[PDB]
């Protein structure tokens, strides 16, 4: 359709001037047809354009891949979401963390895990020691606190269950099964020329730094085509291997609610159609930064939509999809813009189409 380009230009393009963003890639998939819109530069200093080879950091959108990896492991019988991490990380047995189940970790309800590890935690030993000393605060399962260490520990345990380091689970099993050609935990030499610079608030060129359990929490890099294939698989998984179909399905099941937000595995779920403010509320300070007491799902929505924002210091991402409309959108920038702007522009676009 000849209006998709026009709508993306009206709603996403103004954001480059407004936030002084060097480079953007916006993708729409509708009725199994992909549209790729590219703006500006992957590297300011090299005068290099954004294109279908441009590799961006996904930030917390990496969590969706962690969730899928976990779904895949559940369905090959390598793990159960009622398990505890001590069953795979031997050294955590019988510590208080070994009362938390894998689901509770993946969905941020351990009752005492913060957004980030302390700056001081860096090596594997410091990570191990962090979880050994862990003690509860809220009743386990009762409180959602959005957390890198929580899902990161899930990710490490999933990898353990598959006897392979986490980067190899994604690069050798999960990415290939999704048909992705250029998605990485570690960007190889051969593709470094395609890796965008990110840009901080002082417009300095930056890329993500090493950190503890970074890969499963925020550590994947991808292109617009690949992310459009990931959305397709989410929208239309029948074409994909059975294994990966079951994984995908697992990531769509809502597990509990926080007001109008349903927490699935990695993805955030809403009743469709969702009001704009519903979508904005999921990225509110109250939801992202503060603990919130969860409830069981009462209303099981009949028609669902799903989203997830992601950031690193130099990059913004947003991904959204609506199965009932066979439509989805992906936005990638090499500078952060406010989450509310990403959400609102996608809302206007996806409603305008149908």
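Numbering follows the first chain given and starts at 1.
Colleague: Which has the higher mean CA temperature factor in the PDB entry, 318-326 or 305-313?
Modeller: In the deposited entry, the stretch with the higher C-alpha B-factor mean is 318-326.
Colleague: As stated in the PDB record, which stretch has the larger average Cα B-factor, 200-208 or 226-234?
Modeller: Taking the mean C-alpha B-factor of 200-208 and of 226-234, the larger value falls to 200-208.
Colleague: Which one of 144, 221, 252, 172 shows the biggest C-alpha B-factor in the PDB entry?
Modeller: Across 144, 221, 252, 172, the entry lists the biggest C-alpha B-factor for 172.
Colleague: Pick out which of 283, 193, 183, 278 has the highest C-alpha B-factor in the PDB entry.
Modeller: In this record, 193 carries the highest C-alpha B-factor of the candidates.
Colleague: Lowest, middle or highest third: which one holds residue 247 when the chain's residues are ordered by CA B-factor from the entry?
Modeller: As the PDB entry reports it, the C-alpha B-factor of residue 247 lands in the middle third of its chain.
Colleague: Could you say whether, by C-alpha temperature factor, residue 300 belongs to the lowest, middle or highest third of its chain?
Modeller: It falls in the middle third of the chain.
Colleague: In terms of the CA temperature factor given in the entry, to which third of its chain does residue 294 belong: lowest, middle or highest?
Modeller: For residue 294, the deposited C-alpha B-factor lands in the highest third.
Colleague: Quick check for you: using the entry's CA B-factors within this chain, is residue 81 in the lowest, middle or highest third?
Modeller: According to the entry, residue 81 has a C-alpha B-factor in the chain's highest third.
Colleague: Determine, from the deposited record, the chain-internal third of the Cα B-factor for residue 140: lowest, middle or highest.
Modeller: Highest third - that is where residue 140 ends up once the chain's C-alpha B-factors are sorted.
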